[PDB]
Amino acid sequence: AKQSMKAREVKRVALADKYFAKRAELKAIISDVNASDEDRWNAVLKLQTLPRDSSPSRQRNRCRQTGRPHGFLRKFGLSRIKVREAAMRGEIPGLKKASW
Amino acid sequence: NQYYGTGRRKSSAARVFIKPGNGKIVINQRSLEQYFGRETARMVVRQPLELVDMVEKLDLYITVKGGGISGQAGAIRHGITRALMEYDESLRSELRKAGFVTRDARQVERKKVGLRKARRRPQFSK
Amino acid sequence: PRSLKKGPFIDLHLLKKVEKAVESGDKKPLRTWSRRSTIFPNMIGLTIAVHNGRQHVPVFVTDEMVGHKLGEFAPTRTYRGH
Amino acid sequence: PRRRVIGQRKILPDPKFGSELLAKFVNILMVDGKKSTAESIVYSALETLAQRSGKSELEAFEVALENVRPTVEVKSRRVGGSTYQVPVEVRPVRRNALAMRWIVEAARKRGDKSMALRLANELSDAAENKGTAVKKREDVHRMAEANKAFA
Amino acid sequence: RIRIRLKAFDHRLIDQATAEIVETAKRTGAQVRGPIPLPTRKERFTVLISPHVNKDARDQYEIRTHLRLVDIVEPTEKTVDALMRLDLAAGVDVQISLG
Amino acid sequence: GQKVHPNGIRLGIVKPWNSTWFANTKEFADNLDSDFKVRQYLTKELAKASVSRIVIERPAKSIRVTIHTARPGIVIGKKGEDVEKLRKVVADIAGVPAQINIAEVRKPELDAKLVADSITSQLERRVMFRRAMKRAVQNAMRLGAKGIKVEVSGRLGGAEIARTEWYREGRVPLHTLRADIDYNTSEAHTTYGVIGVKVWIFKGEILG
RNA sequence: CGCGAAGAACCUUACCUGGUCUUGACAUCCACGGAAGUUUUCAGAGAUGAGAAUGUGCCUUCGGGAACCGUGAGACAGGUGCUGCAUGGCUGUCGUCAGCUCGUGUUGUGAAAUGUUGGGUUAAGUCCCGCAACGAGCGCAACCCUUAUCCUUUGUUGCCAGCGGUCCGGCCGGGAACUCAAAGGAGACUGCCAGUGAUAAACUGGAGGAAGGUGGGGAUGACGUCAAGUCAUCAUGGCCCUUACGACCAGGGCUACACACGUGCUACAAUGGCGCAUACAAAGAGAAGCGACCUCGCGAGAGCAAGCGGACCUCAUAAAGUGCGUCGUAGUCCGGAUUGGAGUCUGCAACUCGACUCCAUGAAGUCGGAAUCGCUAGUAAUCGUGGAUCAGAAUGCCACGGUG
Ligand SMILES: [Mg+2]
Ligand SMILES: [Mg+2]
Ligand SMILES: [Mg+2]
Ligand SMILES: [Mg+2]
Ligand SMILES: [Mg+2]
Ligand SMILES: [Mg+2]
Ligand SMILES: [Mg+2]
Ligand SMILES: [Mg+2]
Ligand SMILES: [Mg+2]
Ligand SMILES: [Mg+2]
Ligand SMILES: [Mg+2]
Ligand SMILES: [Mg+2]
Ligand SMILES: [Mg+2]
Ligand SMILES: [Mg+2]
Ligand SMILES: [Mg+2]
Ligand SMILES: [Mg+2]
Ligand SMILES: [Mg+2]
Ligand SMILES: [Mg+2]
Ligand SMILES: [Mg+2]
Ligand SMILES: [Mg+2]
Ligand SMILES: [Mg+2]
Ligand SMILES: [Mg+2]
Ligand SMILES: [Mg+2]
Ligand SMILES: [Mg+2]
Ligand SMILES: [Mg+2]
Ligand SMILES: [Mg+2]
Ligand SMILES: [Mg+2]
Ligand SMILES: [Mg+2]
Ligand SMILES: [Mg+2]
Ligand SMILES: [Mg+2]
Ligand SMILES: [Mg+2]
Ligand SMILES: [Mg+2]
Ligand SMILES: [Mg+2]
Ligand SMILES: [Mg+2]
Ligand SMILES: [Mg+2]
């Protein structure tokens, strides 16, 4: 994509994987059962003050080479066209063109 | 002493065992009426035992796995028509004349790209 | 609707602001760019102004509104008729 | 097709009786591949007819199909600057193929409560030369004599 | 007993890699249980080709992970040691498993 | 665009792969960037070299980069520098103990990447493409390669309407699967655009 | 025209209104003070300013450099901004149609022709025979993957024909037979008997075979054409911008609606609704994941915690069908649209805008005008299940089987 979007993604992943201690120790208190009903109201006001980008929902898988956001594949890591250009040259192992 | 067959219809694999006897029909430890619904399936499961005159003389043990309700009927038909060729072998010319030795090489045909079924196109405008 | 057992949603920057603004009383219209808060019962009788996409629109909030969220009195895109 | 002259394919016999005539007739009653309910409806109505006529179960069918086989029919040519119909004779297979199709096209137009009854009525009527089957047969069979000047 | 998995992508490279294990166990001792052919997962993928607008043009690729498995019944000390002496060519994965 | 890339229709029939490692789904993602980051730096660095084909290979968390090249003395140089200096950066990028080789490409008039890079350097230095293609076909034909097609495309000779050209010789059946077809392309970035080059070299039919 | 988009609430996002920044959000070079640092208050919608607890892995002729960091001058950065009629690469089409051409030779003043035409034949410029033609190349066929029967080899997590225990569950001693899982092979060639043939090329029947004439499907798309399609995947030649066409943030927007067209799903019912019992599949997927057993809930689902990098464990129950009821041609116990009340889950957050379950509501529609669409055998027609993209979200897309 543009040259800023990949910088935005490598700025987002750092925060979202840095604050991974607190957002499994706020959702525990929120989505528990026997906990305090007046601490379950402060552990829901902390969750809107941990910074907004620090969230493992707020990032689309960019391509590992171009930066194209659509048409991903998870297993290779490359987009719809840059999997074709490698698999029709030979750089991805065992990836023969299928027919049956 | 017993004789053996193996047949394959659409997506089934029958397995038939023949002994001389009175006529018992056992399929997955079930009697022949307990398994099958329709009288054409009870026809086609019996058909080559009627074709030669060998209903009464022999009992048989049958196991079948995987397929549909016609698959586990044509499979047993091909199984018995194999397994009777290891009984007297001059049954073969008349089973071949009757058209029971040929395994049907039909099978489900795959779905290609841009075809909403195996051969159905989508619709068309101008 | 939300799951109930998380409780209702409200931003901190509007919750603390509204508990200050009740205890300072002024009906100078309180503006906000947070149109996703469940209106609370101690917000009865206030003049807030929610963003709509262009500007604030003023909302005087009564007893009747307190179930809903602050968006449903800011209609978003203008429409007049063809 | 243009080139390959091809063969009329085989068929299973009927389950119950033993006639390869009924193999087409259980097939033409069918929608969406469910041949079992087609095997059931027909073997109910071919007992209700076999009771209402007082004839045998196999023999109440052929002598009601006799009244709906045609003998000649028309096709269309336009050789010169003019559409002609042409009365051609009909083939011994397409004879029965038309006969068993008109009856089932008629028997989805009655007002009864069941398909068995809708086919038992439609076979008794065409066993007594009345009904929406033999009236269609009269139309087809009369468009030959209305066009025997064409050949 | 001691079982070893073998995973690969190519069945002219899994068979030498398993014959060089059967002819290691049967050269330090005995009682191997052969290779047993497990199922073969074929991970298909289907992508478009054209860079902008052609939904009716596709390439279809597959990846066919070949499995094998080999048991070892009565292990000596040199029987277990001359196996962990052995490495294999790239493409083949192993995972030793006592029982 | 109507023809399949004639390497990748033969990727199991004759031609073998250019990376032979193995990992499961959790590492197959990362290996296709730790492969491309070590092909990109080498294709940058040894650009002056005659490099044709880099084959990577991972036995037991350790890389093994084979370079195919035809000027091995301008990648090694004095007694002990260039490949052993490349070891410490390939090990940094791949994060494993690096291991580099060198493979001599005998007869560099036939290795299909090398004729392509020869022509795409010639069209950087502005020679007549009509002479360059015929020189390439002549040198690859008398060396013993049973057939060759060369094709250039786009902005040829500085023109303002683009077109292609192509020269055959011998026999080049792309529909016959079991041939030894060698195919590669290249892209000269001149002062007028990008002038693409495709080659095709038939070294012989190959049984199996 | 269910097309890029294999999945827009924020993100994506390119657009809008606001608030803000200008060697920059993103790099190398420095001018160069100064180790990075989990934490933490005020103000702000947030952007980010104001504020609180710190240093030694190198190690230095200590007028300076190493992964990390602030400020100002710069050189370049940056553009999803125009040009697909300047281009590369990649694709759709005529078309899976059997055609497109060259080398010598001869004839023609010459453009060009002969070959490639003609009589037979094939799915085919396929093959034979004749000919100022002789030979060859890309194509039209074959090599390749899958499906169809047999023979070896290796037998667990797969299997149980004959053995003995058996909780009548291949479960448990066992067995290598068999289905099956996969490696290597055997097999089909117009090869064989007859007949029409121009003695040849073939073709028509039938014998053996599991398969008959290309056994059934796929993969492969010649020379080229419409200046076909994208500069918005990426790279690019020139051009335009540089307190903006660059860059960060919150909230809106792509989802509006008087209407028209294209593609699909569900129906208009008895071959069918509803309620109870009852059998038979295939192909896939899974560690921030698939999550069985057990309990609470009318139900979506929360509760507890085994099992599994998987022929072991899960998702997982197949539905059409078969049997016994009920129903009786009605806007119907048909059909589920639209609206109200109450809830569950992922998620910072379901108001514009999420799927799902329960209680209500029960519209339009009785087979559809001119005109048009798909299909030649496991095919069309109906029935269910899985996957990719994905935190949640497809009636489309891609796959496999069941009836036929
Ligand atoms: Mg997302
Ligand atoms: Mg139209
Ligand atoms: Mg269209
Ligand atoms: Mg046809
Ligand atoms: Mg489509
Ligand atoms: Mg194509
Ligand atoms: Mg958004
Ligand atoms: Mg164009
Ligand atoms: Mg182009
Ligand atoms: Mg355009
Ligand atoms: Mg123009
Ligand atoms: Mg000539
Ligand atoms: Mg002359
Ligand atoms: Mg021609
Ligand atoms: Mg000519
Ligand atoms: Mg001819
Ligand atoms: Mg030819
Ligand atoms: Mg071919
Ligand atoms: Mg014959
Ligand atoms: Mg024959
Ligand atoms: Mg155009
Ligand atoms: Mg554009
Ligand atoms: Mg770029
Ligand atoms: Mg935004
Ligand atoms: Mg849209
Ligand atoms: Mg309309
Ligand atoms: Mg009912
Ligand atoms: Mg999943
Ligand atoms: Mg419960
Ligand atoms: Mg209802
Ligand atoms: Mg309700
Ligand atoms: Mg009405
Ligand atoms: Mg009616
Ligand atoms: Mg999903
Ligand atoms: Mg189907």
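Shown above is the structure to which this text applies.
The rules behind each value
Residues numbered from 1 in each chain as written, not as in the entry; some residues may be left out. Chains lettered and ligands numbered in written order. Part of a larger assembly, values for the part shown. Heavy atoms only, no water. Helix = DSSP H or I, 4+ residues; strand = E, 2+ residues; numbered from the N terminus. Rg over C-alpha atoms; globule rule 2.2 N^0.38 Å. Buried < 20%, exposed > 50% of the residue type's maximum accessible area, 1.4 Å probe, protein only. Contact = heavy atoms within 4.5 Å. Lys, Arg positive; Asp, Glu negative; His and termini not counted. Charge placed at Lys NZ, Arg CZ, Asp CG, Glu CD. Areas by Shrake-Rupley, 256 points an atom, 1.4 Å probe, with all protein chains shown as cover. Core = buried A, V, L, I, M, F, W, Y, C linked by side-chain atoms within 4.5 Å. Near = heavy atom within 4 Å. Polar contact = N/O pair within 3.5 Å; in protein donor to acceptor, adjacent residues only side chain to side chain. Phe/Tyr/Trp six-rings, centres within 6.5 Å; stacked < 30°, edge-to-face > 60°. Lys NZ or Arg CZ within 6 Å of the ring centre and 35° of its normal. Pairing = 2+ DSSP bridges. Axes fitted to C-alpha atoms, helices over the stretch in contact; angles between N-to-C directions. Expected span 1.5 Å × (residues − 1). Buried area = accessible area lost by both parts, 1.4 Å probe. Salt bridge = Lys/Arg side-chain N within 4 Å of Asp/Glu carboxyl O. Patch = residues over 30% accessible without salt bridge, like charges linked within 9 Å, V, L, I, M, F, W, Y side chains within 5 Å.

Caption draft 1: Spatial organisation of the overall build of chain B. Within chain B, the regular secondary structure consists of five helices and four strands. Along its sequence from the N terminus, chain B presents helices and strands in the succession β-β-β-α-α-α-β-α-α. The globule rule puts the C-alpha radius of gyration for 126 residues at 14 Å, and the 18 Å found for chain B is more than 25% above it. On the principal axes, the C-alpha backbone points of chain B span a range of 70 × 35 × 25 Å. Looking at the 126 residues of chain B, the share that counts as buried comes to 35%. Restricting to contacts in chain B with at least 6 residues of sequence separation, those with at least 24 account for 70%. Separation of charge centres in chain B, based on 28 positive and 12 negative side chains, amounts to 17 Å.

Caption draft 2: Spotlight on the overall build of chain E. In terms of regular secondary structure, chain E is built from two helices and seven strands. The helix and strand sequence of chain E, counted from the amino end, reads β-α-β-β-β-β-β-α-β. A globule of 99 residues ought to have a C-alpha radius of gyration of about 13 Å, yet chain E, at 19 Å, is considerably larger. Dimensions along the principal axes, computed over C-alpha positions, put chain E at roughly 65 × 20 × 20 Å. Split into buried and exposed, the 99 residues of chain E put 37% on the buried side. Long-range contacts, defined here as pairs at least 24 residues apart, represent 73% of the contacts in chain E between residues at least 6 apart. Here chain E has roughly 6,200 Å² of accessible surface; of this, 51% comes from carbon and sulfur atoms. Of the charged side chains in chain E, 17 are positive and 14 negative; the average position of the first set lies 5 Å away from that of the second.

Caption draft 3: Highlighting the nonpolar core. Core analysis: the largest hydrophobic core is formed by 25 residues, its most contacted members being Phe25(D), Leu29(D), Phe61(D), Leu65(D), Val68(D) and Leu123(D). Contributions of two or more residues to this core are made by α1 (22-28), α2 (35-52), α3 (59-65), α4 (92-106), α5 (115-125) and α6 (132-145) of chain D. Counting residues per element, this core draws most heavily on α2(D), which supplies six residues. Ignoring sequence-local partners within four residues, the contact set of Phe25(D) consists of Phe61(D), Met100(D), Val104(D) and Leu119(D). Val16(B), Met54(B), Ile76(B) and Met85(B) belong to the second-largest nonpolar core, a separate cluster that totals 23 residues.

Caption draft 4: Examining the arrangement of the chains more closely. Contacts between protein chains span seven pairs of chains, and they are most numerous for chains A and F. At no point do chain B and chain F touch; the closest pair of C-alpha atoms across them sits 17 Å apart.

Caption draft 5: Representation of the protein's contact with RNA strand G. Contacts to RNA strand G come from 176 residues, most closely from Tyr4(B), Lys117(B), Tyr79(C), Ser36(D) and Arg5(E). The sugar-phosphate portion of RNA strand G accounts for 74% of its atoms within 4 Å of the protein, the bases making up the rest. With respect to RNA strand G, the side chain of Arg15(B) contributes an N or O atom lying 2.5 Å from a base oxygen. The contact in question runs from a phosphate oxygen of RNA strand G to an N or O atom on the side chain of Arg3(D), over 3.1 Å.

Caption draft 6: Main features of the packing of aromatic side chains. This structure, assessed with the given rule, holds 12 aromatic pairs over all chains. Their ring planes at 55° and their centres at 4.6 Å tell us that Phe76(A) and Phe45(E) sit as a pair that is tilted. Within this pair, whereas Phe76(A) is found in the loop between α2 (27-30) and α3 (84-87), its partner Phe45(E) is found in strand β4 (residues 45-48), the two belonging to separate chains. In this structure, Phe76(A) and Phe45(E) share a single accessibility class: buried. Clustering of aromatic rings is evident, with ring pairs tying together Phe76(A), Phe45(E), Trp21(F) and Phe28(F). In this structure, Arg110(B) packs its charged tip against the face of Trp100(A), placed 4.3 Å from the ring centre. Over the ring of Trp100(A) we find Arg44(E), and its NZ or CZ is 3.8 Å from the ring centre.

Caption draft 7: Summary view of the sheet that holds strand β1 (residues 30-32) of chain C. Residues and elements named next belong to chain C. Spatially, β1-β2-β3 is the arrangement adopted by the three strands of the open sheet, whose pairing is mixed. In this open sheet, the two edge strands, each paired with only one partner strand, are β1 and β3 (56-61). Pairs of neighbouring strands in the sheet enclose a mean axial angle of 30°, with direction left out of account. Along the sheet, helix α1 (residues 12-22) contacts β1 and β2 (46-51); its crossing angle with β1, the most-contacted strand, is approximately 175°.

Caption draft 8: Representation of helix α3 (residues 82-94) of chain F in the model. All names here are of chain F. Its 13 residues give α3 an end-to-end C-alpha distance of 18 Å, which sits within 8% of 18 Å, the value for a rise of 1.5 Å per residue. Within α3, burial applies to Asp82, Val83, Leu86, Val90 and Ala94. Of the surrounding elements, those touching the buried residues of α3 are α2 (36-45). Of the residues one or two after α3, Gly95 is the one with positive phi, at around 65°.

Caption draft 9: Broad picture of the interface of chain E and chain A. Contacts between the two partners involve 15 residues from chain E, matched on the other side by 15 residues from chain A. Roughly 1,600 Å² of surface becomes buried between chain E and chain A when both sides are summed, with 63% attributable to carbon and sulfur atoms. If you sort the residues of chain E by the area they bury against chain A, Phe45(E), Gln60(E) and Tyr61(E) come out on top, with a joint share of 33%. Counting every contact that joins chain E to chain A gives three salt bridges. Here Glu43(E) and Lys75(A) are joined by a salt bridge, their closest N and O atoms 3.0 Å apart. Applying the counting criterion to the chain E and chain A interface returns five residue pairs in polar contact.

Caption draft 10: Up close: the interface of chain F and chain A. Each partner contributes to the interface: chain F provides 19 residues, whereas chain A provides 17 residues. Carbon and sulfur atoms supply 61% of the area that chain F and chain A bury against each other, a total of about 1,700 Å² over both sides. A per-residue breakdown of the area chain F buries against chain A is headed by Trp17(F), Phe28(F) and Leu32(F), which together make up 31% of the total. Our enumeration of links across chain F and chain A arrives at zero salt bridges.

Caption draft 11: Local environment of a positive patch on the surface. The grouping of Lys27(A), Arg2(C), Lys5(C), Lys6(C) and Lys69(C) at the surface amounts to a positive patch. Checked against the element boundaries, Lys5(C) lands in the segment before α1. Classification of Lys5(C) by relative accessible area gives exposed; the value is 53%.

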